[PDB]
Every structure is written in structure tokens, then in C-alpha cells.
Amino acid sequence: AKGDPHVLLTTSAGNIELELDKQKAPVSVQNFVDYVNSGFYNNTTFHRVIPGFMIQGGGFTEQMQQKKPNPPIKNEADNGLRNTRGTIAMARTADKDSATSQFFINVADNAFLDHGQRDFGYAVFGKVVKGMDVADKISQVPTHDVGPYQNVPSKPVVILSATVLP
């Protein structure tokens, strides 16, 4: 997951730097970079946090309002990258080709999320090169239920800015 692009996510809990795998996840990387470059992720939150599993964000505001994303992309989970601790992957629904803006960072080795004979899996497209301790921190913030959502941080963890680094 070192395709080339580096992205810095500055959150209210600290900074996380990512290196995206443009070679193995071209579509996922272009989709992600397009969102960051457009300023889409600014003011979105990590709305789903589960210790020992992952932290997911990039879709809702602090008031749990969902931002209208761009059209869904094809699933690249069969690119051979695994959902090991420290990787970034695309969140999606039942349809394997339903990913849009939401992504999650694995804070544990989640092999059950990998492309396999039982399910297409979740597309990994990068890795955290800096800030894993921050991701761990975010994963353990107190949470509660908001609407149909569970594991929502009681105190929103906001992505104040997302930028492609030089």
C-alpha cells in the first residue's frame, strides 16, 4: 500500500498520515484523492469506532448528517492486499460495488474482511505510515447510539482537514 500519494488527515485527536497504493487500487485511490482534493472530508467524522476492530469515517458531519457522495466505485478487494492492522479500506454495503466516500482503518488484523471464497471482501487501498497511535486512541473514545447508528463517539472525532501532501 505504497502506490505513491500521501494524505494527511488532521483530526481533533491527532494526525494520521496515509500512503495510498495507486498500483494495486487505482480506482479506490483516485476516488479517495478526488474526495480529499475537493474538501469533501473536511468536517466529516469517524462515526463508527470499535476497539480491537476498526474506526470508520468520511460520511457524516458532527450532527450525524450524511454528505451526498459521488457515484459508487468498483470493488478492488481482489488486488491481493489484506486488511491487516494499519491498513485503510473502503466501507460499503451489501453490494460489493457500493463503496463511495466512507473508509475505515484496521486497528487489528481483520482477516474476515479479506477477499475470499465466502465473500468478495473489503478493498484495501493504503496503509497508515504515521499516526497509528492516534487511530488506536480514536478507537477507544467513549461511544453511544445515535439514530440507527451504533458505536458513535459521544464527543465527535472530527476530520478538520484532509490534504494530499507534496
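Note that residue numbering follows the sequence shown and begins at 1.
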{"query": "Higher-B stretch (mean Cα B-factor, as the entry records it), 6 to 14 or 147 to 155", "finding": "147 to 155"}
{"query": "Average Cα temperature factor in the PDB entry - higher stretch of 89 to 97, 69 to 77", "finding": "89 to 97"}
{"query": "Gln63, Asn106, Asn42, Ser139, ranked by C-alpha B-factor: the highest one", "finding": "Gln63"}
{"query": "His115 - Cα temperature factor, lowest/middle/highest third of chain", "finding": "middle"}
{"query": "Chain thirds of CA B-factor: placement of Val129", "finding": "highest"}
